[PDB]
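Q: This is the structure, below, for whatever I ask next.
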Amino acid sequence: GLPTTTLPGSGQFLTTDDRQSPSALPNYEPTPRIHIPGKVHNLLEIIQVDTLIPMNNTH
Amino acid sequence: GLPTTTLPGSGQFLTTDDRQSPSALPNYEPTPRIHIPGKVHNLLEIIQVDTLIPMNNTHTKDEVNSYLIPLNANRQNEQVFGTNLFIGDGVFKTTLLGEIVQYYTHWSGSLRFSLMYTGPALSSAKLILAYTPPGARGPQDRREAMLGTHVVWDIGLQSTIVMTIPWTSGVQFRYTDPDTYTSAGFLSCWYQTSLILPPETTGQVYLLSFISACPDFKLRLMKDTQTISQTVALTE
Amino acid sequence: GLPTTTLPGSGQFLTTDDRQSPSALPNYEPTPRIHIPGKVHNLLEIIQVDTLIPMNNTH
Amino acid sequence: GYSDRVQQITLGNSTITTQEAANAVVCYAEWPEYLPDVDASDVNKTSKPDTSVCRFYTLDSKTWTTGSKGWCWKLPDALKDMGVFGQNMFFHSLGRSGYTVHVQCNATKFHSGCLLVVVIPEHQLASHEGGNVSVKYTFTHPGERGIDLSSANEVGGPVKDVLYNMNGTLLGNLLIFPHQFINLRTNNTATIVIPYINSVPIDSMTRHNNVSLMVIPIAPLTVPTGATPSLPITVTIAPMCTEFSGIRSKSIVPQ
Amino acid sequence: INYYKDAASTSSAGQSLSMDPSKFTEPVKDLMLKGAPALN
Amino acid sequence: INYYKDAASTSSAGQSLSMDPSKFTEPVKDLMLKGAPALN
Amino acid sequence: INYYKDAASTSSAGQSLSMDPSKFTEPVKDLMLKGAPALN
Amino acid sequence: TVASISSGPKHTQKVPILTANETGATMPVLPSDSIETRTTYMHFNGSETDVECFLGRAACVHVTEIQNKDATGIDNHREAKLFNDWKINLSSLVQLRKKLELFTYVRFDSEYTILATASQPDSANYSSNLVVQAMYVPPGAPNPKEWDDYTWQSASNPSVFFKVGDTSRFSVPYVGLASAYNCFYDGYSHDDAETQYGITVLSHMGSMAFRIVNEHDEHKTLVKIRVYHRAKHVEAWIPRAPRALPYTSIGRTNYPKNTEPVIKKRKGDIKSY
Amino acid sequence: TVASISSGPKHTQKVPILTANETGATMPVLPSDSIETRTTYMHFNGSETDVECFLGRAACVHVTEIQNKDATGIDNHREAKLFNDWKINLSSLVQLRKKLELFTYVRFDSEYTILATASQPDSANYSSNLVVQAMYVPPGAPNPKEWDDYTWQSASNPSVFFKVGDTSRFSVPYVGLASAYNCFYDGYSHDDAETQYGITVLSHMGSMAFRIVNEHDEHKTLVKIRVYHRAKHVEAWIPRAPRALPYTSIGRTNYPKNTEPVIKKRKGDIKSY
Amino acid sequence: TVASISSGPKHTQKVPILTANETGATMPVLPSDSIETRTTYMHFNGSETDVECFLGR
Ligand SMILES: Cc1cc(CCCCCCCOc2ccc(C3=N[C@@H](C)CO3)cc2)on1
Ligand SMILES: Cc1cc(CCCCCCCOc2ccc(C3=N[C@@H](C)CO3)cc2)on1
């Protein structure tokens, strides 16, 4: 038995933390990926495509 | 599953502990630093800059005048000012030195006390500043004063005189907060000869006095300052 | 997140255990030691000095 | 035969000579310099009028009398109307600058008096009303006139109490800011070089002042017998390494 | 260190650091050079 | 050992051990030597 | 393994294993040999 | 390191103790320039005066309170403390404030600890464990209207759920818009004739919203939230004079009128000890 | 290691058993100087008599008590135990005191454990988990006046928050002003004719303040605090005679008048067994 | 990485700002194609806009 101390924050759930978890479906094999045109990696990729501005807002 | 045991103290929150925490904002990129003159790294850097001491504390409401130590022409043998050296209280207390010392419990080191003369250029004066180490009373006359640490100051072209209160102590640390056992002495100043004004001139002349710490100085065991408090939370 | 199990005795306070603790005064510098004659290391050092026995206990 | 005492500063088309100086202070030991690329953000090339803006402007003179409490000027405000410096100021969106400040006050070897000349980076003033009353714009933009600490409280203006630096701190501790004394017996001028100090690389010159220059009598003026009881104090200031960026239409500011 | 056997149980992935907007911003068949005329 | 990915999540920094009061105590333009006259 | 930065936070010290009673049991100025007469 | 060197009698033309303070310098004079000293060592590093250490311990920055009670018929949850909210700020409480305002610009990461304790004022029964939810609602994002709005879904906004009686802890990077946070700002948000003066305009960092996730039991439960803040990775520029008068407002320098003399008057003369 | 060597008959001019105790020495005489012995080994190191071991286990040094109750209309929180305070000291309880005073000067780091248990004397309902706050109020720093003063912000003063029923543990470096703590001090704080004598004047180490963070429930709750202290990294100088009479005061050597004979009288003669 | 390069006056036959949006492209025009710029660096990677980050809380 190794001695430990727990710190403030133990047991909290922070929606933004990133840790490991047990898989509920041990050993399951996902469907293979096939190729699909159009993959997005960054939202910065798409905000460089121009779109129309409803400038004439007066309606 | 690795076997563990939790010790006493688990779950406590100690405001002074230093550990890692998850970031709430994963992957966020802070603004770049640009250069800004003036970076401070240690409070020890700043307590070496001297600031004015309201030595003339005798007023009744805070005034620019309690920074001015007056001098009288033609007095001989007499005493210009006196103070004990409780740097955390009394005259010292509002100075930057006094103000920082109050964030710590213990101090040790030498102090630098200087006086800048502001009288007409055609006047002259010789003063004696004396440091009295712990153990004797505040000196009562120059004879008594002159037997301890002292500097005869001759007022000249060079306007300021820097007296050092060298660390004289049995115990290597003293409390900031007024302790007896831990007390540091007295500082007094007397006419060595006397102030003399030129013709066509009259009245009082004043000395400005500063305090800063020597590079010698140590402060330790941080705590809360008696210099600030509040009764309800502030709002916008 | 590494999986753990806590054993019997968790949370107990044993006045005789010897472990690490956080310092309440982070970074504080203690007064230097100076030399003092007389250091004791073991109680076995001192019980070899003889002392008087109130043998005449009859008072 | 160089003395700490005599000095000449030539900047642009203007020169100052002092024969009774007491060295010069360079804030935080740094000398004004232009904005490096590594620190840049705005993509605009900046404009550096050089000698037409980096010369010495002498503000109107003040009069130290035995009752004076002290005066306060803000930068770049104090210069908002000086020559082309000022025009550039109202015409660009952003600008940046360092300064040489030269405060002048001469008397004779029978006078006494001592002024503190100090530069305070980000001097946020307090309302004399207390609470959370704000200090209106006009009040913190006195222009070349500066603020006269012995003038009366006004409404929407700052507090003018000297033992508190106009902000809740004691006069005695102003010495932690770059400063120099003018002690009639020693000194006759004070000179401070101010590098640009901000938390952003360049800023607006009209909505934010980045230093207040403060001249405060501390040992009262004492003139020789039957002398006139007052001396003028003059402040001359020169922008140095000025850069303007984001030119356009020309700001319109309150009052 | 993964403590678990399955890949789904590992933490979040790490930045694509891929980034290529041209499939979205310039899907034209004949290449357009900036500075050259759009329509020749 | 950092257990977390972001730098903000690490513990306190470690002593500057920088320390140079001269920007505050001696910001004069012409260097003053202790022992030499202040004003020449 | 120390988990903490300060020395006060470490566990108990480890045995002096110093042990020298002579400062207490034989602080005499001229050395006494067992077996030789106490007072000569 | 030597704290003092050995120095003996002096009869020179070289006087280190005469200076001209008008210059603005504090000449580095030592005991050995004016008395005869002996060698002594420092034995000390100045570790605990590092600014990281000075600003690096948790300070209480905010105490708020919310209650768990039947919201049935409450027209204004916010007003019933069915979920309070706090306009994040770091000058509401003063112990830490005076410490930070010793500097003009400050840059650091924050570590927050949130302690939540419950109180049952009106004589009660069984208290079912309440779980608090603390959301970060930065400026531009919907702010909660009822204690159970869509807002609380918080799909893009970091939120932590912990139990009353426990503590929550997480750390946020330096979120300032500029290179440092301004402790002071002598400016306006624009050249308006009536806009507010100060940093209030620079302090925008949004607010943080707390609520209990639990529905109501038969009694009412008061939960009081205390937020602690610890600076880590500190960087501070341009020291200033310490605060002397009391504070009146978050973000302005203003002091109260008819305040009291802050310098202690002597009981005696200038000459007194 | 041999505990005894083998030694046989002796008929010498060299007598190790005759000495002169007037000299102040304890001559190192052994069984083998006066009887015939056989070899035997020690099999032992003297591990558990090391001073680190002797002073190194936790001892109870203080029991105090505070209560959680409605402070409404209390004119003196301190007096209602709305928050007690303890003048840190290490001689209030005697088991550990006699152990330390076997030495004149002692130097060590302290590890504190604080156990807090709750009691509900007046028949009650549901007890909501109380959280205790333990502040270190060194001398020179504002000492708490109400149970919820600005003091408790403790922005610069180390404080720990733990739950009643649990334990808190942290360790403080050796905070003495000198090189060691004086277990005894035959001096005064100054040459005053009426100043106190003893160490009380050297013991200054300030006090430690406890309070409950929780507001009040309908019943009252008594929380009793026990502070345990363990010396780690011990260094002790100059052994002294053990304490024989009972103690009367923290910090003075004084014993009670008409105390009882401390040496057990024989039931019989000097000659008795 | 540079966010903007330095660029000065232009008087060309090569106009990067005239395009034909009918083509469906968004031509990659920059500040330096139409005003005079100074060098500046990005100081930023676009970390927190990665889709793993966007959908990962
Ligand atoms: C769940 C959850 C909750 C949160 C909160 C995120 C932290 C955001 C707060 C950012 C730091 O806030 C400030 C505010 C003011 C100042 C400041 N004002 C001046 C006096 C000085 O500094 C500094 C930081 O994150 N996740
Ligand atoms: C939270 C929190 C609470 C604390 C307390 C800090 C510990 C300070 C106490 C320092 C050690 O106190 C003493 C007092 C007396 C003696 C002593 N007196 C003589 C008989 C011998 O030793 C030694 C240590 O720290 N963080």
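As shown in the structure tokens, the chain order sets the letters A, B, ...; within each chain, residues go from 1, and ligands are also counted from 1 in the order they appear.
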Could you report the residues within 9 Å of ligand 2, using only C-alpha atoms and all ligand atoms, as a ChimeraX atom specification?

A: /B:14-16 /C:23-25 /I:88-91,97,100-101,104-112,133-138,157-161,168-176,180-184,199-200,202-209,250-251

Q: When you get a sec, could you note down which chain J residues fall within 12 Å of chain E, using only C-alpha atoms, as a PyMOL selection string?

A: chain J and resi 12-30+33-34+45-57

Q: Please save N, CA, C and O atoms of the selected residues as a short mmCIF file (atom, residue, chain, number, x, y, z; two decimals), in the first residue's frame.

A:
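Writing the result to out-v2.cif gives the following:
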```
data_model
loop_
_atom_site.label_atom_id
_atom_site.label_comp_id
_atom_site.auth_asym_id
_atom_site.auth_seq_id
_atom_site.Cartn_x
_atom_site.Cartn_y
_atom_site.Cartn_z
N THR J 12 1.66 49.15 -60.53
CA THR J 12 1.72 48.07 -61.38
C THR J 12 0.53 47.83 -62.34
O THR J 12 -0.54 48.35 -62.16
N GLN J 13 0.79 46.83 -63.12
CA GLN J 13 -0.02 46.30 -64.19
C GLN J 13 -0.53 44.97 -63.60
O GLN J 13 -1.19 44.24 -64.33
N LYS J 14 -0.12 44.72 -62.39
CA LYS J 14 -0.44 43.43 -61.73
C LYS J 14 -1.35 43.74 -60.55
O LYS J 14 -0.76 44.14 -59.45
N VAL J 15 -2.64 43.65 -60.69
CA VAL J 15 -3.61 44.08 -59.65
C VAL J 15 -4.19 42.94 -58.90
O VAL J 15 -5.20 42.33 -59.41
N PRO J 16 -3.70 42.54 -57.76
CA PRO J 16 -4.24 41.41 -57.01
C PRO J 16 -5.61 41.65 -56.41
O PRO J 16 -6.20 40.65 -55.92
N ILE J 17 -6.11 42.87 -56.37
CA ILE J 17 -7.39 43.10 -55.71
C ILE J 17 -8.54 43.05 -56.69
O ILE J 17 -9.72 43.22 -56.18
N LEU J 18 -8.38 42.88 -57.97
CA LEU J 18 -9.55 42.80 -58.89
C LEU J 18 -9.81 41.33 -59.13
O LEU J 18 -8.91 40.69 -59.77
N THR J 19 -10.91 40.78 -58.81
CA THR J 19 -11.10 39.34 -59.13
C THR J 19 -12.41 39.08 -59.74
O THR J 19 -13.08 40.10 -60.06
N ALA J 20 -12.87 37.89 -59.97
CA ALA J 20 -14.20 37.55 -60.52
C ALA J 20 -14.87 36.56 -59.57
O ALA J 20 -14.61 35.34 -59.81
N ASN J 21 -15.66 36.89 -58.59
CA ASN J 21 -16.22 36.01 -57.60
C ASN J 21 -17.15 35.00 -58.21
O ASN J 21 -17.61 34.10 -57.49
N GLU J 22 -17.44 35.18 -59.50
CA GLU J 22 -18.38 34.26 -60.12
C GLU J 22 -17.78 32.88 -60.21
O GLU J 22 -18.51 31.85 -60.41
N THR J 23 -16.48 32.79 -60.05
CA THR J 23 -15.70 31.56 -60.25
C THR J 23 -15.88 30.62 -59.09
O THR J 23 -15.68 29.43 -59.32
N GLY J 24 -16.24 31.13 -57.92
CA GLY J 24 -16.47 30.29 -56.77
C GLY J 24 -15.23 30.32 -55.92
O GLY J 24 -15.27 29.66 -54.83
N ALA J 25 -14.20 31.03 -56.26
CA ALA J 25 -13.00 31.00 -55.36
C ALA J 25 -13.01 32.11 -54.38
O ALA J 25 -13.73 33.10 -54.70
N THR J 26 -12.35 32.05 -53.23
CA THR J 26 -12.07 33.26 -52.40
C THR J 26 -10.57 33.48 -52.53
O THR J 26 -9.72 32.77 -51.85
N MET J 27 -10.21 34.37 -53.39
CA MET J 27 -8.79 34.71 -53.61
C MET J 27 -8.15 35.21 -52.34
O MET J 27 -8.63 36.10 -51.55
N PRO J 28 -6.98 34.69 -52.03
CA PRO J 28 -6.25 35.00 -50.79
C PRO J 28 -5.60 36.34 -50.69
O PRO J 28 -4.33 36.41 -50.52
N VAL J 29 -6.39 37.38 -50.68
CA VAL J 29 -5.87 38.78 -50.63
C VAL J 29 -5.52 39.12 -49.19
O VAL J 29 -6.22 38.67 -48.23
N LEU J 30 -4.46 39.89 -49.05
CA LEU J 30 -3.90 40.36 -47.76
C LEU J 30 -3.76 41.86 -47.66
O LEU J 30 -3.65 42.53 -48.72
N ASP J 33 -1.63 44.00 -49.96
CA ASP J 33 -1.82 43.95 -51.44
C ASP J 33 -2.40 45.31 -51.82
O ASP J 33 -2.42 45.71 -52.99
N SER J 34 -2.86 45.95 -50.73
CA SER J 34 -3.55 47.21 -50.98
C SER J 34 -3.16 48.29 -50.04
O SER J 34 -3.76 49.39 -50.34
N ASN J 45 -1.03 29.93 -32.99
CA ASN J 45 -1.09 28.77 -33.78
C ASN J 45 -2.44 28.36 -34.20
O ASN J 45 -2.49 27.48 -35.06
N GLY J 46 -3.47 28.79 -33.56
CA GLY J 46 -4.83 28.34 -33.99
C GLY J 46 -5.13 27.01 -33.36
O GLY J 46 -5.95 26.26 -33.95
N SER J 47 -4.58 26.71 -32.22
CA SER J 47 -4.76 25.57 -31.41
C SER J 47 -6.21 25.25 -30.97
O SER J 47 -6.53 24.08 -30.84
N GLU J 48 -6.88 26.34 -30.57
CA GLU J 48 -8.21 26.23 -29.86
C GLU J 48 -9.40 26.28 -30.77
O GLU J 48 -10.56 26.40 -30.34
N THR J 49 -9.11 26.17 -32.06
CA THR J 49 -10.10 26.18 -33.11
C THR J 49 -9.95 24.84 -33.86
O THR J 49 -10.63 24.60 -34.84
N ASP J 50 -9.07 24.00 -33.37
CA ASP J 50 -8.97 22.65 -33.96
C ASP J 50 -10.29 21.96 -33.78
O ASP J 50 -10.87 22.15 -32.69
N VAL J 51 -10.83 21.18 -34.67
CA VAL J 51 -12.14 20.56 -34.41
C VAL J 51 -12.03 19.65 -33.20
O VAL J 51 -13.06 19.40 -32.53
N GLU J 52 -10.86 19.15 -32.86
CA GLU J 52 -10.88 18.21 -31.69
C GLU J 52 -11.22 19.05 -30.49
O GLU J 52 -11.86 18.56 -29.55
N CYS J 53 -10.77 20.25 -30.46
CA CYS J 53 -10.94 21.13 -29.30
C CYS J 53 -12.38 21.63 -29.28
O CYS J 53 -13.03 21.75 -28.24
N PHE J 54 -12.86 21.96 -30.47
CA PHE J 54 -14.22 22.56 -30.61
C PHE J 54 -15.27 21.57 -30.12
O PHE J 54 -16.22 22.05 -29.46
N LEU J 55 -15.17 20.29 -30.44
CA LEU J 55 -16.19 19.33 -30.06
C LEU J 55 -15.73 18.56 -28.83
O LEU J 55 -16.55 17.71 -28.37
N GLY J 56 -14.54 18.86 -28.34
CA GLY J 56 -14.02 18.04 -27.24
C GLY J 56 -14.32 18.43 -25.86
O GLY J 56 -13.47 17.99 -24.93
N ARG J 57 -15.31 19.18 -25.50
CA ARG J 57 -15.57 19.45 -24.02
C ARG J 57 -16.89 18.80 -23.73
O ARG J 57 -17.72 18.66 -24.77
#
```

Q: For chain A, list the residues within 9 Å of chain E, counting only C-alpha atoms, and write the list as a list in words.

A: residues 18, 19, 20, 21, 22, 23, 25, 26, 27, 28, 37, 38, 39, 40, 41, 42, 44, 45, 46, 48, 49 and 50 of chain A

Q: Export, as a compact mmCIF listing (two decimals), in the first residue's frame, the selected residues with N, CA, C and O atoms.

A:
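Okay, again14.txt is ready:
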```
# COMPACT_ATOMS: atom_id res chain seq x y z
N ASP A 18 -9.35 16.66 -19.74
CA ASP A 18 -9.19 15.61 -20.77
C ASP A 18 -8.43 14.43 -20.21
O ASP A 18 -7.21 14.50 -20.22
N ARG A 19 -9.11 13.40 -19.81
CA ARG A 19 -8.46 12.24 -19.18
C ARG A 19 -8.92 10.92 -19.79
O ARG A 19 -9.80 10.83 -20.68
N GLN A 20 -8.31 9.83 -19.28
CA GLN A 20 -8.66 8.48 -19.79
C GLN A 20 -9.86 7.92 -19.03
O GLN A 20 -10.12 8.28 -17.85
N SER A 21 -10.60 7.03 -19.57
CA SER A 21 -11.75 6.38 -19.03
C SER A 21 -11.78 4.95 -19.48
O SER A 21 -11.37 4.66 -20.65
N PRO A 22 -12.38 4.13 -18.67
CA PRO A 22 -12.58 2.70 -19.14
C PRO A 22 -13.52 2.67 -20.33
O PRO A 22 -14.46 3.47 -20.38
N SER A 23 -13.27 1.80 -21.32
CA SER A 23 -14.23 1.62 -22.43
C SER A 23 -15.35 0.68 -21.97
O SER A 23 -15.09 -0.41 -21.45
N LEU A 25 -17.42 -0.96 -23.97
CA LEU A 25 -17.37 -1.94 -24.99
C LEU A 25 -15.91 -2.43 -25.25
O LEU A 25 -15.25 -2.05 -26.23
N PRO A 26 -15.43 -3.23 -24.34
CA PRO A 26 -14.08 -3.78 -24.46
C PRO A 26 -14.10 -4.66 -25.71
O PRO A 26 -14.99 -5.41 -25.88
N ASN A 27 -13.07 -4.44 -26.48
CA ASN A 27 -12.70 -5.16 -27.65
C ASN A 27 -13.42 -5.06 -28.96
O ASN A 27 -13.09 -5.95 -29.77
N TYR A 28 -14.28 -4.15 -29.01
CA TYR A 28 -15.18 -3.84 -30.14
C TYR A 28 -14.37 -3.25 -31.26
O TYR A 28 -13.46 -2.41 -30.96
N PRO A 37 -14.37 13.21 -49.45
CA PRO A 37 -13.78 14.53 -49.75
C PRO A 37 -14.23 15.51 -48.69
O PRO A 37 -15.20 15.16 -47.92
N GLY A 38 -13.63 16.65 -48.48
CA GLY A 38 -14.06 17.66 -47.60
C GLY A 38 -13.69 17.71 -46.22
O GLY A 38 -14.34 18.51 -45.44
N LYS A 39 -12.67 17.09 -45.68
CA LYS A 39 -12.37 17.06 -44.23
C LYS A 39 -11.98 18.44 -43.76
O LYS A 39 -11.19 19.16 -44.44
N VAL A 40 -12.51 18.81 -42.59
CA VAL A 40 -12.21 20.13 -41.95
C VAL A 40 -11.29 19.90 -40.79
O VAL A 40 -11.59 18.87 -40.05
N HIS A 41 -10.24 20.65 -40.57
CA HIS A 41 -9.46 20.42 -39.38
C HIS A 41 -9.58 21.60 -38.42
O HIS A 41 -9.52 21.24 -37.20
N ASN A 42 -9.61 22.80 -38.87
CA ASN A 42 -9.63 23.98 -38.01
C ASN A 42 -10.80 24.86 -38.39
O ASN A 42 -10.99 24.92 -39.62
N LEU A 44 -10.52 27.72 -38.50
CA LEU A 44 -9.78 28.81 -39.21
C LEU A 44 -9.76 28.44 -40.67
O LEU A 44 -9.60 29.32 -41.51
N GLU A 45 -9.95 27.16 -41.01
CA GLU A 45 -9.92 26.85 -42.45
C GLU A 45 -11.15 27.40 -43.14
O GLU A 45 -11.03 27.99 -44.24
N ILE A 46 -12.29 27.23 -42.49
CA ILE A 46 -13.55 27.64 -43.11
C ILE A 46 -13.85 29.10 -43.05
O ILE A 46 -14.52 29.52 -44.09
N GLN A 48 -12.23 31.44 -43.93
CA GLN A 48 -11.57 32.12 -45.05
C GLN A 48 -12.39 31.98 -46.31
O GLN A 48 -11.97 32.60 -47.35
N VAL A 49 -13.41 31.18 -46.34
CA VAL A 49 -14.34 31.13 -47.51
C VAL A 49 -15.28 32.32 -47.39
O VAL A 49 -15.85 32.57 -46.25
N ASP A 50 -15.49 33.09 -48.44
CA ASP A 50 -16.37 34.29 -48.24
C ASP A 50 -17.83 33.87 -48.43
O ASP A 50 -18.10 32.94 -49.15
```

Q: Tell me, which residues of chain J carry DSSP strand (DSSP E or B), written as a list in words?

A: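 The strand (DSSP E or B) residues within chain J come out as residues 2, 3, 4, 37, 40, 41 and 50 of chain J.
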
Q: Could you write out as a PyMOL selection string the residues of chain B within 7 Å of chain H, counting only C-alpha atoms?

A: chain B and resi 15-16+21-25+30-34+38-44+49-50+56-62+79-84+90+94+96+110+116+138+158-162+164+166+214+216+218+220+228-230+233-236

Q: What's the separation between atom CA of residue 98 of chain D and atom CA of residue 159 of chain D, in Å to one decimal place?

A: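 Distance reported for this atom pair: 27.5 Å.
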
Q: Which value, in Å to one decimal, gives the distance between atom CA of residue 101 of chain D and atom CA of residue 238 of chain D?

A: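 Here the two named atoms are 6.6 Å from each other.
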
Q: Taking the DSSP assignment computed from this structure's backbone, write out as an mmCIF file with C-alpha atoms, in the first residue's frame all residues of segment 4-55 of chain J that belong to alpha helix (DSSP H).

A:
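The result, written out as result_1.cif:
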```
data_model
loop_
_atom_site.group_PDB
_atom_site.id
_atom_site.type_symbol
_atom_site.label_atom_id
_atom_site.label_comp_id
_atom_site.auth_asym_id
_atom_site.auth_seq_id
_atom_site.Cartn_x
_atom_site.Cartn_y
_atom_site.Cartn_z
ATOM 1 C CA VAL J 51 -12.141 20.557 -34.415
ATOM 2 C CA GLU J 52 -10.883 18.206 -31.688
ATOM 3 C CA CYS J 53 -10.943 21.130 -29.302
ATOM 4 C CA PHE J 54 -14.220 22.558 -30.610
ATOM 5 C CA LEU J 55 -16.190 19.329 -30.058
#
```

Q: Within 9 Å of residue 9 of chain C, counting only C-alpha atoms, which residues qualify if same-chain residues fewer than 4 places away don't, as an MDAnalysis selection string?

A: (chainID B and resid 5:7) or (chainID C and resid 13)

Q: List the neighbours of residue 47 of chain D out to 9 Å using only C-alpha atoms; skip same-chain residues closer than 3 positions along the sequence, and give me the result as a ChimeraX atom specification.

A: /D:50,95,242-245

Q: Taking only C-alpha atoms into account, what are the residues of chain B at most 8 Å from chain D, put as number ranges by chain?

A: B: 33-38, 46, 49-54, 62-64, 67-68, 94-96, 118-122, 157, 159, 198, 200-202, 205-206, 236

Q: Write out, as a compact mmCIF listing (two decimals), in the first residue's frame, the residues just selected, with C-alpha atoms.

A:
```txt
# COMPACT_ATOMS: atom_id res chain seq x y z
CA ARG B 33 4.48 39.64 -23.97
CA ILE B 34 5.93 42.97 -25.29
CA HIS B 35 8.79 44.72 -23.43
CA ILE B 36 7.82 47.14 -20.60
CA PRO B 37 10.57 49.02 -18.65
CA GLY B 38 10.48 48.57 -14.88
CA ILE B 46 12.44 48.16 -4.11
CA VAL B 49 15.01 53.10 -3.02
CA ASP B 50 14.80 55.83 -0.35
CA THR B 51 11.56 57.63 0.47
CA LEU B 52 10.79 60.54 2.79
CA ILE B 53 9.95 60.01 6.50
CA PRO B 54 7.18 62.17 8.06
CA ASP B 62 -1.70 64.74 7.71
CA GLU B 63 0.22 67.64 6.12
CA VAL B 64 3.22 68.25 3.84
CA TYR B 67 8.02 65.81 6.24
CA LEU B 68 9.91 68.99 7.22
CA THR B 94 3.96 54.90 6.23
CA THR B 95 7.26 55.00 4.40
CA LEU B 96 7.75 52.40 1.65
CA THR B 118 17.39 72.87 2.01
CA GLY B 119 18.58 76.20 3.60
CA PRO B 120 19.92 79.12 1.55
CA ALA B 121 23.20 78.37 -0.14
CA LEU B 122 25.02 81.19 1.82
CA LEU B 157 27.92 71.90 -1.57
CA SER B 159 23.56 68.56 0.06
CA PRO B 198 23.45 84.97 5.76
CA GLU B 200 18.98 89.57 4.54
CA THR B 201 17.71 86.13 5.41
CA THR B 202 15.42 84.87 8.12
CA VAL B 205 15.27 76.24 7.37
CA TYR B 206 14.25 72.59 6.96
CA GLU B 236 -18.32 48.72 -8.95
```

Q: So that I can see what lies close to residue 2 of chain A, please list as a list in words the residues with an atom at most 7 Å from it, counting only C-alpha atoms and leaving out residues fewer than 2 positions away in the same chain.

A: residues 4 of chain A; 3, 4 and 5 of chain B

Q: Residue 41 of chain J: which residues within 7 Å, counting only C-alpha atoms, same-chain residues fewer than 4 positions away excluded, as a list in words?

A: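 Listing them by chain and then by number gives residues 38 of chain D; 1, 2, 3 and 4 of chain J.
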
Q: Filtering to C-alpha atoms, could you give me those residues as a PDB file, in the first residue's frame?

A:
```
ATOM      1  CA  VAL D  38       8.746  41.542 -32.779  1.00  0.00           C
TER       2      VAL D  38
ATOM      3  CA  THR J   1       5.729  33.135 -38.658  1.00  0.00           C
ATOM      4  CA  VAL J   2       5.013  36.484 -40.275  1.00  0.00           C
ATOM      5  CA  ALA J   3       1.491  37.829 -39.977  1.00  0.00           C
ATOM      6  CA  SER J   4       2.276  40.688 -42.328  1.00  0.00           C
TER       7      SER J   4
END
```

Q: Using only C-alpha atoms, can you tell me which of H:195, H:145, H:39, H:213 comes closest to residue 80 of chain H?

A: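 Answer, going by the shortest atom-to-atom distance: H:145.
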
Q: Dump as CSV the rows for residues of chain A within 8 Å of chain H: closest atom pair and distance in Å with one decimal, only C-alpha atoms counted, ordered by chain and rising residue number.

A:
```
residue,atom,partner,partner_atom,distance
A:8,CA,H:167,CA,5.7
A:9,CA,H:168,CA,4.2
A:10,CA,H:168,CA,7.4
A:11,CA,H:162,CA,7.0
A:12,CA,H:162,CA,4.8
A:13,CA,H:161,CA,5.2
A:14,CA,H:160,CA,4.1
A:15,CA,H:159,CA,5.6
A:16,CA,H:158,CA,5.6
```

Q: Could you write out the selected residues, including C-alpha atoms, as a PDB file, in the first residue's frame?

A:
```pdb
ATOM      1  CA  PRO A   8      -8.654  20.214  -3.201  1.00  0.00           C
ATOM      2  CA  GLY A   9     -10.674  19.509  -6.397  1.00  0.00           C
ATOM      3  CA  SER A  10     -10.834  15.758  -5.901  1.00  0.00           C
ATOM      4  CA  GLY A  11     -14.077  14.389  -7.203  1.00  0.00           C
ATOM      5  CA  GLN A  12     -14.971  17.499  -9.235  1.00  0.00           C
ATOM      6  CA  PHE A  13     -16.261  17.184 -12.849  1.00  0.00           C
ATOM      7  CA  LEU A  14     -14.814  19.977 -15.072  1.00  0.00           C
ATOM      8  CA  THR A  15     -16.468  19.768 -18.532  1.00  0.00           C
ATOM      9  CA  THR A  16     -13.122  20.821 -20.102  1.00  0.00           C
TER      10      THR A  16
END
```

Q: What is the atom 19 (C, counted along the ligand's line) of ligand 1 to atom CA of residue 78 of chain D distance in Å?

A: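 Atom CA of residue 78 of chain D lies at a distance of 27.4 Å from atom 19 (C, counted along the ligand's line) of ligand 1.
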